[PDB]
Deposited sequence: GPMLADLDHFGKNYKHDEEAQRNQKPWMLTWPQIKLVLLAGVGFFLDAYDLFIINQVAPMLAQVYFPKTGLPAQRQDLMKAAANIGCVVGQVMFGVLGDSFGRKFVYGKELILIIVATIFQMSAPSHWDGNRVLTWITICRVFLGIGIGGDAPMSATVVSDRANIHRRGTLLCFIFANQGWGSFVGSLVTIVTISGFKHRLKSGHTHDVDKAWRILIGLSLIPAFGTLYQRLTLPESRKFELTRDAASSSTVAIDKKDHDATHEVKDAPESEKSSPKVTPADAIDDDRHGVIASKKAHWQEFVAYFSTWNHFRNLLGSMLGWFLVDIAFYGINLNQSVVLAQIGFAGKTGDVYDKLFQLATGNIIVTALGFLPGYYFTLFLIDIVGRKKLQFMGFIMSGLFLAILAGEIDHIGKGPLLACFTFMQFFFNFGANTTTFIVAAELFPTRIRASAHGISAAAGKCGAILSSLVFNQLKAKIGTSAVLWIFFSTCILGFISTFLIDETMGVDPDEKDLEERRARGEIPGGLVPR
């Protein structure tokens, strides 16, 4: 039936999300092995975590040109093999290498990993928005998007299970085994990756100039232009705070009480992995499902309004009190923030970008909106840890706070897409003139 296809898109997001966010769990292990006395260099750590998102935009533009040039039959399979190969090279960095050399190895591998993740990322949003043409299209988009939380959550679950498995061996003095652990975290993505591969198998310039003319003509009108503007802005702005935080979630939990001076190698990794699972299980994951049950009841805009404005509140509390109050209060606010990312702007910006635009342009308008988001992701990803040292963590959180208020303001540019057919609205718009 039609059902089996959306799960295949879902597991695509799950694998992409797992591979994207698992870098947050792998980074502290690389530190313990290759930089035990000092932290990971700021510029090098930022590059490694942005690498996947940098490739992510290169992927959907490259797989877009090839996909338009020679059709879909060309791109469907090869995107998944690229992230599989990138996983293996990333997995098998020579353990005898220098710390900086190992880092440079992983950054390059993750760029190619991003190129593949950039492939299936945008092509699945269209398969269920064009097919449904029903009021229950949002609940379908949100269900597939919810796999992003499972990717982040399963990665956190995998980490505590792995660390607790190395408990006795680490306590018995075999501290280098953490170098094996971080390779296991990346490698375990291969199990669904290989499973899905088997299931997936078992006048060009004149046309481009013509579509460009329609695109330019369409978005040269105000009431149509601002819908593209708000779609790009909302996605760009949320991804700054969203990916800046989620790719560095383990770094924030270090200002909070989860990083101490007591205890040995295991105690540190386990409590830090304990914090990561708490946040993603209690906040990051359920946010997708609160969005799921209310988008087709409350509407997309009101959820973006709430999503932007709620996560902003918790960002301001962090920045103001992070250096002044205890662990407990800070942890709760951080989890609430993550909750209102996915119960709010993060999920709705993805949905709104796919729901606003008539199909005759939807491929471009959604692609530019998704590209705009990845631009926000790479900005914070590329500079988060560098700013953290130059201006401090509180100052950086005040920046993310400002981006949320701007997202709230920009959301007014959007038409409510709950229950509206963008093709029918375009159709009635035209008969009236």
Inset, instruction - Could you please spell out the deposited residue ranges that have no C-alpha entry in the coordinates? - result: 1-31, 234-289, 521-530
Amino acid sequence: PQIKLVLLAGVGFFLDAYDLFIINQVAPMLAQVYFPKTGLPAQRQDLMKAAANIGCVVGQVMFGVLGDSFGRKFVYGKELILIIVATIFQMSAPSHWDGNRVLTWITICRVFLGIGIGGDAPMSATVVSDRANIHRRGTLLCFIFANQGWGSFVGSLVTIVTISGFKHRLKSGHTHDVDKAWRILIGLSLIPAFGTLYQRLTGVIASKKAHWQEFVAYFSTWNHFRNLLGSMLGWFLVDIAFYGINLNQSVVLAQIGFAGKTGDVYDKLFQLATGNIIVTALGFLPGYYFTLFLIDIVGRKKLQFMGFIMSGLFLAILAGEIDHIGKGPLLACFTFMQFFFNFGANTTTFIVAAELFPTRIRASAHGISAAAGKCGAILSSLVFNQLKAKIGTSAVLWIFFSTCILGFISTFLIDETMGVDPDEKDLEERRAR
From here on, numbers count along this sequence of modelled residues.
Inset, instruction - Would you determine, from the values in the PDB entry, which of 155-163 and 131-139 has the greater average C-alpha temperature factor? - result: 131-139
Inset, instruction - Could you settle it for me: does 39-47 or 369-377 have the higher average Cα B factor in the PDB entry? - result: 39-47
Inset, instruction - Going by the CA temperature factor in the entry, name the top one among 96, 327, 101, 72. - result: 72
Inset, instruction - Using the temperature factors in the entry, find which of 123, 111, 144, 238 has the highest value at its Cα atom. - result: 123
Inset, instruction - Please place residue 27 in the lowest, middle or highest third of its chain by C-alpha B factor as given in the entry. - result: middle
Legend entry - residue 90 - which third its CA temperature factor falls in, relative to the rest of the chain: middle
Legend entry - Within-chain third of residue 183 by Cα B-factor, per the entry: lowest
Inset, instruction - Could you tell me which third, lowest, middle or highest, the C-alpha B-factor of residue 64 occupies within its chain? - result: highest
Inset, instruction - Ordered by C-alpha B-factor within the chain, which third holds residue 232? Give me lowest, middle or highest, please. - result: lowest
